[PDB]
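*Asks:* Mind looking over this structure? Questions follow.
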Amino acid sequence: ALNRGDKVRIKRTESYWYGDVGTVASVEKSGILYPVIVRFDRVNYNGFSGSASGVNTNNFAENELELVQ
Amino acid sequence: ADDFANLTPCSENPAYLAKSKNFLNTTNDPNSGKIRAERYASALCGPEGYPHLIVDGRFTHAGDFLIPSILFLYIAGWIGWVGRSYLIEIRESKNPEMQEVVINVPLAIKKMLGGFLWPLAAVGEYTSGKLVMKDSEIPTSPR
Amino acid sequence: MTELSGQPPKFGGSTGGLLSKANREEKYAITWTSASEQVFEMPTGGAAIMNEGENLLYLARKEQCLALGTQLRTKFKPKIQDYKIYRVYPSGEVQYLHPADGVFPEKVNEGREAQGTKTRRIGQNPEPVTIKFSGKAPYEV
Amino acid sequence: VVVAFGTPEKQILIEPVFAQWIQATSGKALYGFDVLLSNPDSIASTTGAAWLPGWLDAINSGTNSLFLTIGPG
Amino acid sequence: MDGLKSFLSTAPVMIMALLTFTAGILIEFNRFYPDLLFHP
Amino acid sequence: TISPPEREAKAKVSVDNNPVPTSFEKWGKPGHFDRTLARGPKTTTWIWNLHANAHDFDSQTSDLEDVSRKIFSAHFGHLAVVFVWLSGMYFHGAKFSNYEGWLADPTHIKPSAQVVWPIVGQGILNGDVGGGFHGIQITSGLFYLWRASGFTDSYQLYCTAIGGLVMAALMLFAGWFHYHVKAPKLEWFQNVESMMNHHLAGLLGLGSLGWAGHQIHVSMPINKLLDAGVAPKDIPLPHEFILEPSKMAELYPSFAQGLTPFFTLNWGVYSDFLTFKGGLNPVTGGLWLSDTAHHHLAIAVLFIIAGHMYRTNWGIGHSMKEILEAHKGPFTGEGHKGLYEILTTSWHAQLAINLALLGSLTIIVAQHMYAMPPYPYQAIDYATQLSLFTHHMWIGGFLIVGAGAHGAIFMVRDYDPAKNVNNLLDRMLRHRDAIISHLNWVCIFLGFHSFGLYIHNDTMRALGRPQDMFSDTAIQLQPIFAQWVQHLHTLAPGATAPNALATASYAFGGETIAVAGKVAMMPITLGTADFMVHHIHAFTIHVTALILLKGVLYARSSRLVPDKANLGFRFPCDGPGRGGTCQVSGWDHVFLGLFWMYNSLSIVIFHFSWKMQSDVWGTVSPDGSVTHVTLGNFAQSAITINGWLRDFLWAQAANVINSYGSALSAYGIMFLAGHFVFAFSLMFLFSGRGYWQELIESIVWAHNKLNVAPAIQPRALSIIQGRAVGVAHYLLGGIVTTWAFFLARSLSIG
Amino acid sequence: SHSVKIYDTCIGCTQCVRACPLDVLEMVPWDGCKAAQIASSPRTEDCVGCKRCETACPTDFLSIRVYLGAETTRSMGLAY
Ligand code: CLA
Ligand code: CLA
Ligand code: CLA
Ligand code: CLA
Ligand SMILES: CCCCCCCCCCCCCCCC(=O)OC[C@H](COP(=O)(O)OC[C@@H](O)CO)OC(=O)CCCCCCCCCCCCCCC
Ligand SMILES: CC1=C(/C=C/C(C)=C/C=C/C(C)=C\C=C/C=C(C)\C=C\C=C(C)\C=C\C2=C(C)C[C@H](O)CC2(C)C)C(C)(C)C[C@@H](O)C1
Ligand SMILES: CCCCCCCCCCCCO[C@@H]1O[C@H](CO)[C@@H](O[C@H]2O[C@H](CO)[C@@H](O)[C@H](O)[C@H]2O)[C@H](O)[C@H]1O
Ligand SMILES: CC1=C(C/C=C(\C)CCC[C@H](C)CCC[C@H](C)CCCC(C)C)C(=O)c2ccccc2C1=O
Ligand code: SF4
Ligand code: SF4
Ligand SMILES: [Cl-]
């Protein structure tokens, strides 16, 4: 029940953004475990040692989110 | 009562009164040593000739700790409050990180010059609810 | 597999190659065809000249073979994608390793089995208090 | 920095009041806070305690390690 | 031009200008009124 | 920018007209030189990586023609920096010193060229050096240089500072010009034959030529009067000597003949100022300037002649390519083939040679200045002697490790295996294990047979067994070779050097020269305590060479990592696998070699400082006897570790800790401060960033609790940066401790 | 030998296999992601544990995990 541009809070525990709130980028069709692709304002840890930043996007599931807006 | 019996004022202390006549000069003023002899002669001293400060909370020595404590806390709250407010102000402008690396001087100065009322602003943000956050809305790690 | 045909590369010998344990315990060989005669760096040290056509070289361990393979296709315009890595036993037993099913493990391919595949998230691993005193780990179950 | 500049008269020497006062609460009179066992009129001294005369003599003799006199260091 | 006005307002230039200014303040204050172990 | 005409005359000059325009918009954009950093900071690490790659021009751009034009202007900027610094010294000597007050009575006053502002008690740092002047006693030996150069008035030093600032402006301007107006092409650079011709004939030849001319017209005729007993105000000016060439013709008998004999091959007549006396000056304790002018003239002729060996445009001359392609034997196959192309393309290949040679030559400078003091009254100033020696030791020690760094950089970035097929480099890459394991064995041997001797001596003297020690009074370890060459240099003026009147240095053997009440230089008797410490030095240098060599011979690959060349020069590891792949890159090898260079020089400088105070330096009696400071216990106490712990450290450190309340209190402060920074480095060197990032997580939660977290997400230092901060603070604290200790100790010996 | 697992959060981008230097990892057709593939680890006997796969993972936290275990001649990376 999501669309492009919704504010959702991550509830994936092990996620780097667990507790943070990101923006939905695009949702893929059915047949995928994690179709909800979310962008974030803050990069994660990803990257080799000494990297400049990280990744600010990831796929999640609907039972792992919570709309805010 | 006879609080600090082992401490005698610098005006009565033996070693302090011996050393006060032979005080060095910090600045260019040659009287600065005798200036110290006259200035520190009011504090409590020990049997070695060096002044001691009592910070247990008594008002007799409120000039020892209370005044610097208050003056610091004022200036430090000023610093932290203008920093926090400017950090929040950046969060709505273009590129929240570039303006943290390159300072918006016309904005940073405008926020610095409005910091002498940081206690009132902080209480107004706590009553309205802007000072603190909610635990259920902060990114936390797995327990 | 049946035979390891190939010409030894032009190289003046180095001390970084295989040793006594590498001949008695196990060694690795790689076979490839070169479009022409060129110079390539040795994973053990120095620069060698690969022969035109089918080549053969024996190395100590597998990572050296794969490091040479990743060099062959990336540095030269006539890229070598037919390099085949074999493990040699002390009894002459030679078996195929890389590439596995004739196709590089990069791209997908039909006819492979799911090995080490789990149907959960990492944050869904069981608690170590439930499996203690058993010879199993939170990831092995 | 203050001692190296020939000015030992500017050292921030904080008096350990909160601990010397506790010492006074057990009978140490070198500081003279007149609190509890340091005060002869506290009801803690008129209890007929058999251990009081020994403790009061042991604490204030300047020969033992029982509650040593402390300072800014 | 603004290209140099942005460089003069960078993090290191400004964080050293403030430190120099505060050093001047403290040094002049402890020149005219030194040796303030406490408040009289 | 501007537009000059052309400035060429049938030359290999090749430039590009205004390649890089002049603008300030790139100044407000930090990290623009890197593509990975231009998109904006997302973590705090982005900041660190900004400085870690500020000068690395290879990662920035791949065009070598751009990198060379960057490097040229970078050198110009460095020269501007240097000229600014030097004008600083000349101006502080002109208006903030007592050079005039020292030149009058140089044996009863101390050099000082700094005045501390009296504030918050720091005015106590102005020590009475003598003559009414109050300031910091300097140890860089600037007054001795300015006396040996002919400086006599403050206006001279003032004009020197003005000229230095003018040259700084000129170098700064030339840097901008050779990158924003007319930046040279590659045709102007890759003439290594031409560049060597010009750098030998013009730079090092004409330089010493002109300086010898200066000395003959400035330094010699004024230092001759200074050494006689004439007041500086009564001594004439240097230009009064050329305005009146008769005053120069009279002051030297050879000058009383004219200039024609030199052109008519009558050199022997100029023996009245181009002398070969040798030894030292009994008035000042330094080298004879009449010998230095002759020496600079000889070096000038030699270098100008050397600048005419390589081929340029007129056909004659050599090509280094030919010489390298010619040298090949049955042991190395093709020999030096391809080396010209290596050193004409890779800047790191060139820097790995230049840094090595420059550091070695700085060490040679220290070792030659300490024993043959070339400046007046510097051998009496033990502080200045020690300071120059140790400073030129440390500079060279750093510049040497720079070579082992840039060699690995060349290996990872510029080594083309197709260009090195069976030559020196390629064949050396083959038997890497041979050389490395042999050096491993040599280092183990030198560790057992140099340090184990000290351990054995400590255990024997501790057990109460004197007849079982390696001392001058037991199992003697006398150095025969060094004593033999000492005796050779002593008998030089009467055998293998008939024209030489005195020995090169009095350290080998001979007379004992002393100025005022202190000694300048005397024979340095070498015994067991010298043999053992020399072998200690050899061992430490061997281990440092082993480390910095395995850093280059394995930057490409190894049996552990066969694809290491892909990982680059600077990288922390390749995972905890293979048992543990931590610190395998050449960067990590330089990180390790820094510590061993420090540990080697730590024993070198202590050997110097104790041997000089024990068997050389000391007050001289009017009857003739010489009593050393530590009473000559080096030959009898420096043989055990407890001797160095007690009679060297504990004994001579007393000046630093007891310095409070005096003008040397700053040295005790910096002693404790270096002790602080040393231990501060251990926090980085012993830990790992995985703990610090987890802690930053909690502090970030705390900041977000009050909503005060920076958009620049805070990230702990990278593994490489952690190690770099660790080694940097280690070296800083150690060198600050030793600097404070050495200066406070040397200033307190009179 | 080391243990290599692949979780359902994998998007099948072959990056961990493109980074593996010992041909330990492969790619099998799956039905979870757009690419319809998931990482596989058939030849764990050649896994040294250099973590080059985990470094090259895009998902929020790893989708492939390496757990070091009983080290052997092949896992220790012994070439002598
Ligand atoms: C606006 C800036 C700002 C503000 C409001 C705060 C506020 C706070 N910090 Mg903090 N911090 C800052 C910057 C700031 N920090 C920076 C730049 C660093 C890196 C050095 C840190 C590193 C840091 C650590 C390690 C910790 C805190 C902690 C804390 C909390 C306890 C206060 C404290 O520890 O005493 C004082 C805080 C410090 C001594 C840290 C340095 C403070 C810097 C130097 C002042 C920043 C000035 C800033 C540039 C002003 C900008 C003005 C603007 C107009 C341009 C508190 C809410 C503690 C915590 O977790 O909470 C319990 C703690 O452990 N901070
Ligand atoms: C006012 C004169 C001026 C101006 C407007 C510019 C402008 C520019 N220069 Mg440039 N340059 C100048 C003078 C100038 N330069 C001089 C005098 C030199 C000789 C040293 C150079 C050598 C030079 C090189 C080699 C390069 C540039 C580059 C650039 C461009 C990017 C600069 C940058 O990264 O941000 C600004 C950088 C700084 C503000 C650095 C801060 C100063 C450092 C930290 C130390 C200062 C050393 C200084 C040169 C000497 C000290 C002076 C002495 C008194 C001690 C930019 C448009 C780069 C380019 O073209 O992009 C690819 C490039 O590679 N310049
Ligand atoms: C003229 C000599 C010379 C030159 C031209 C270079 C040039 C270069 N070196 Mg290099 N190097 C040299 C000598 C030289 N080096 C020596 C002697 C050593 C041995 C110590 C090294 C060791 C070394 C290493 C390990 C590395 C380089 C790297 C580099 C490249 C990037 C520089 C950089 O990181 O940006 C700017 C440099 C910095 C930001 C360093 C700042 C930190 C300094 C050291 C702090 C020092 C403190 C100060 C001096 C004293 C303390 C006072 C304090 C209280 C303020 C660059 C092309 C890097 C590279 O990747 O190569 C391609 C690399 O990692 N060098
Ligand atoms: C003399 C060595 C030294 C020093 C100074 C420190 C200092 C510190 N350690 Mg530490 N540590 C050390 C050795 C040292 N460690 C070693 C050898 C180990 C074993 C590897 C550890 C392991 C360790 C752990 C595991 C932890 C610490 C932590 C800390 C911090 C605790 C905060 C504090 O003390 O309050 C105040 C800070 C100080 C008193 C030090 C600051 C001193 C400077 C001079 C203040 C002024 C700043 C200066 C002017 C900057 C400008 C520089 C400019 C000149 C370029 C602190 C900064 C804990 C931490 O991170 O705190 C949360 C932590 O968990 N340490
Ligand atoms: C302190 C010394 C007093 C103790 C005596 C020690 C004797 C030293 C052994 C003799 C010198 C050996 C090198 C010449 C021998 C020599 O260089 O011959 C020349 C030979 C190659 O020459 P080519 O015939 O190829 O000549 C063509 C060249 O132009 C390049 O193509 O080099 C080698 O032998 C490679 C093997 C090096 C490995 C041997 C070196 C041993 C390392 C230790 C050296 C100690 C030197 C100490 C000096 C301070
Ligand atoms: C009586 C007194 C002392 C005794 C003091 C007592 C014992 C200390 C008590 C401390 C108590 C336990 C803590 C006090 C307050 C704790 C709350 C949580 C404070 C929160 C402050 C935060 C919310 C402020 C945040 C933002 C404030 C508003 C302004 C800053 O710019 C910036 C920034 C930090 C973001 C002794 C030591 C005995 C000596 C005696 O002479 C005087
Ligand atoms: C002698 C000491 C000198 C240093 C001390 C004086 C500092 C003076 C600060 C300059 C004041 C102007 O203030 C500075 O204006 C520039 C204009 O480019 C702003 O710059 C910002 O906005 C401009 C447009 O307005 C953008 O094009 C630019 O990319 C961005 O960085 C800075 O965010 C602000 O800090
Ligand atoms: C403490 C620590 C950190 C954390 C270190 C940090 C966060 C550095 C702190 C830097 C602060 C924010 C800046 C203060 C220092 C400045 C560089 C000094 C400049 C002062 C001028 C502005 C005057 C690591 O990241 C680390 C990594 C690997 C091994 C060990 C360690 C380690 O021990
Ligand atoms: S990188 Fe990770 S998530 Fe992507 S295909 Fe490989 S194992 Fe799966
Ligand atoms: S841990 Fe390293 S060696 Fe093992 S599968 Fe992953 S990338 Fe390959
Ligand atoms: Cl001893």
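Note that chain G carries Swiss-Prot numbering, so the residues on display, from first to last, are 2-81.
Method of determination (from the header): X-ray crystallography, 4.0 Å.
Note: Cβ is positioned from N, Cα and C throughout, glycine not excepted.
Sharing the features that Swiss-Prot gives for it:
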- G:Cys11, G:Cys14, G:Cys17, G:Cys58: [4Fe-4S] cluster 1 binding site (BINDING)
- G:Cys21, G:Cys48, G:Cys51, G:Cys54: [4Fe-4S] cluster 2 binding site (BINDING)
- G:2-31: domain '4Fe-4S ferredoxin-type 1' (DOMAIN)
- G:39-68: domain '4Fe-4S ferredoxin-type 2' (DOMAIN)
*Asks:* Sort the binding-site residues G:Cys48, G:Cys51, G:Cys54 by C-alpha distance from G:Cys14 ([4Fe-4S] cluster 1 binding site) and give me just the closest.
*Replies:* G:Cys54
*Asks:* Return the residues near G:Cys17 ([4Fe-4S] cluster 1 binding site) by Cβ distance under 8 Å, restricted to its own chain and a separation of at least 6 in sequence.
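*Replies:* Long-range Cβ contacts: G:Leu26, G:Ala40, G:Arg53, G:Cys54, G:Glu55, G:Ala57, G:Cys58, G:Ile65.
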*Asks:* What other residues of this chain sit with their CB within 8 A of the center of the CB atoms of G:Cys11, G:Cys14, G:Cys17, G:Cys58, the recorded [4Fe-4S] cluster 1 site?
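*Replies:* Going along the sequence, the neighbours come out as G:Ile12, G:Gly13, G:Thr15, G:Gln16, G:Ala40, G:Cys54, G:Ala57, G:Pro59, G:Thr60, G:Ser64, G:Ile65.
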*Asks:* Determine, to the nearest whole angstrom, how far the Cα atom of G:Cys21 ([4Fe-4S] cluster 2 binding site) is from the Cα atom of G:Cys11 ([4Fe-4S] cluster 1 binding site).
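*Replies:* Computed Cα spacing between G:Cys21 ([4Fe-4S] cluster 2 binding site) and G:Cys11 ([4Fe-4S] cluster 1 binding site) is 16 Å.
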*Asks:* Could you list, ordered by sequence, which of these binding-site residues: G:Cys14, G:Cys21, G:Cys48, G:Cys51, have a Cβ under 6 Å from ligand 9?
*Replies:* G:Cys14
*Asks:* Whole-number answer please: how many Å between the C-alpha atoms of G:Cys48 ([4Fe-4S] cluster 2 binding site) and G:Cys11 ([4Fe-4S] cluster 1 binding site)?
*Replies:* 20
*Asks:* Ligand 10 is in the model; which of the binding-site residues G:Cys11, G:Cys14, G:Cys21, G:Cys48, G:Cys58 have a C-beta less than 6 angstroms from one of its atoms?
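*Replies:* Close enough to ligand 10 are G:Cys21, G:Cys48.
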*Asks:* Report the same-chain neighbours of G:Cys11 ([4Fe-4S] cluster 1 binding site): residues 6+ apart in sequence with Cβ closer than 8 Å to its Cβ, ordered by sequence.
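*Replies:* Set apart from G:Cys11 ([4Fe-4S] cluster 1 binding site) by at least 6 residues yet with Cβ under 8 Å, we have G:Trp31, G:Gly33, G:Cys34, G:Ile39, G:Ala40, G:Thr60, G:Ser64, G:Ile65.
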*Asks:* How does the domain '4Fe-4S ferredoxin-type 1' (G:2-31) divide up by DSSP, counting helix, then strand, then coil residues?
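*Replies:* Output for the domain '4Fe-4S ferredoxin-type 1' (G:2-31) reads 5 helix, 8 strand, 17 coil.
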*Asks:* Could you check what DSSP calls G:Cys58 ([4Fe-4S] cluster 1 binding site) once collapsed to helix, strand or coil?
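*Replies:* In three-state terms, G:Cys58 ([4Fe-4S] cluster 1 binding site) counts as coil.
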*Asks:* Write out which of the listed binding-site residues, namely G:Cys14, G:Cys21, G:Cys51, G:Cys54, lie with a C-beta under 8 A from a C-beta of chain F, sequence order kept, or 'none'.
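*Replies:* From G:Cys14, G:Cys21, G:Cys51, G:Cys54, flagged as close to F: G:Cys51.
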*Asks:* Just counting, how many other CB atoms are there within 10 A of the CB of G:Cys48 ([4Fe-4S] cluster 2 binding site)?
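*Replies:* Excluding its own Cβ, G:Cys48 ([4Fe-4S] cluster 2 binding site) sees 24 Cβ atoms within 10 Å.
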*Asks:* Which one of these binding-site residues has the most other Cβ atoms within 10 Å of its own Cβ: G:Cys21, G:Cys51, G:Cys54?
*Replies:* G:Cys54
*Asks:* Can you tell me the three-state DSSP label for G:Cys48 ([4Fe-4S] cluster 2 binding site)?
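*Replies:* It is coil.
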